[PDB]
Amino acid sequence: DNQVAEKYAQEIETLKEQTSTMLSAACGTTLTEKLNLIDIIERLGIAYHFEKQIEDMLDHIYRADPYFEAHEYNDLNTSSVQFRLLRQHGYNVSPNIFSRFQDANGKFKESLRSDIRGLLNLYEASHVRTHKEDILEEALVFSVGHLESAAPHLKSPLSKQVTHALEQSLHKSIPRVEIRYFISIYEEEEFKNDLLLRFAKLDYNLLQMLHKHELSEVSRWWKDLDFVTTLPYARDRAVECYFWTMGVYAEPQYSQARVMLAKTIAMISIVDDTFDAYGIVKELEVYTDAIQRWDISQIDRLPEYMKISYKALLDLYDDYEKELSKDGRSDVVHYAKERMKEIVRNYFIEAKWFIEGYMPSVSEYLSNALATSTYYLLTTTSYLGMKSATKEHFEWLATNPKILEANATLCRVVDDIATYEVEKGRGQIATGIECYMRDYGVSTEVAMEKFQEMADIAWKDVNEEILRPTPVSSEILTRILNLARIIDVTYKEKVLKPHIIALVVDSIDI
């Protein structure tokens, strides 16, 4: 409602100003409490109003006391929270800061097992680890053991937080989903800031109104295309397509970006349905070629049912160019278009393997299947609606940089792990787990562990690629991180349904 949103926005304006003042006057507070305020504001989801301000405070913290000496760092919780925040914001702080909580043989002190809060934040900090950080490997095994054993006697909401954290860590979760969860936690606390809490609830509800509005636009666009009238076997799933985009960015300024990303995801869906409709290779062949050539002149080459998706592909990417024209960014669209061509090529390749009954080696499989994860296309498309994403960012993306490869690898391997424990054989025999078994001459258990390891490695790659100096800005990288987060949670189905409801259906009671 127009006037409910206005009321929210008005109060938020003032609450924002009071919170900015609150961050300014954490200047003369202990480190522990500066960290707690930032952590609370960030987890309440209102940190985006204060981006540069928070980023300056953290930068200062990183530079002020680099060899975490002085007495506050004797506190596990303070060290763990600073470590996580700094690493998440791209500051390459050494896990050597945890050395003091360890004795001779690199084992964490048993005396720490009574500090549940500290253990919890130690745990969260450990999931930001990258390669060859054994201290953090040890922190993970150590905190997990003690948190699991203490949970039965913990009171709420701390008990809740611990259980939740153990199932999926903060750093590897969908930000908006965690924000809604953390708001419920903070509500339940006794010593909370009622202003920040109210600010967080109003801002969540206001953002959600925008999100419902965007979803309506996506949904009306889909209905206008009228696919289910011409392709009645096509999946009618616009909501699911739009949902992913709230995981990539929730903030108001990425509104145009979400709607654009939403539409490409829906079009991917339509291209999948078109590929799988008959599976007649001669048809897939001309479809694929027509897409590579990408021109309306090609539409007459196609079977009738394929003309439908082809014109809508073409119209969609035209609209993108027209829409960005206002900002002189029409020229970035062809980078997303290229990823769309790429995925169709790879769709064709696996279709043919399937027909030929060919089982690719792991290398051949991955060479094809990173793209069919859609994550090159989805990543690239997430920048179409961001004014701050320039030609140089798309040029970078085109090089298939490490963080993108890791993102897609994560998505591919975690999907393959999930779909093997189910469909096992038939498919598409040529699933990734089956390919590994045959290629390396190992069993299913071993093939599974290797895919699990590749996901772990993917996470470590991402966690390292976000540490400064970075090749592109934190804002650009956070879209890729967020795509990693979404796929990790999804495959930990209608696994997303309670999240759809929390994000786009149910408002928070004020």
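Residue numbers run from 1 along the displayed sequence.
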item	value
Residue 493 preceded by how many uncoordinated deposited residues after residue 492	4 to 9
Entry-level comparison of average CA B-factors, 454-462 and 437-445, reporting the higher stretch	437-445
348-356 versus 84-92 - greater average Cα B-factor per the deposited record	348-356
Selection by C-alpha B-factor (highest) of 55, 65, 475, 42	65
Residue, from 180, 337, 387, 71, that the PDB entry assigns the highest Cα B-factor	71
Chain thirds of CA B-factor: placement of residue 275	middle
Residue 148 - which third its CA temperature factor falls in, relative to the rest of the chain	highest
Residue 252 by Cα B-factor - lowest, middle or highest third of the modelled chain	lowest
Position of residue 212 among the chain's modelled residues by C-alpha B-factor, lowest, middle or highest third	middle
Third of the chain's Cα B-factor distribution that residue 420 belongs to, per the entry	highest
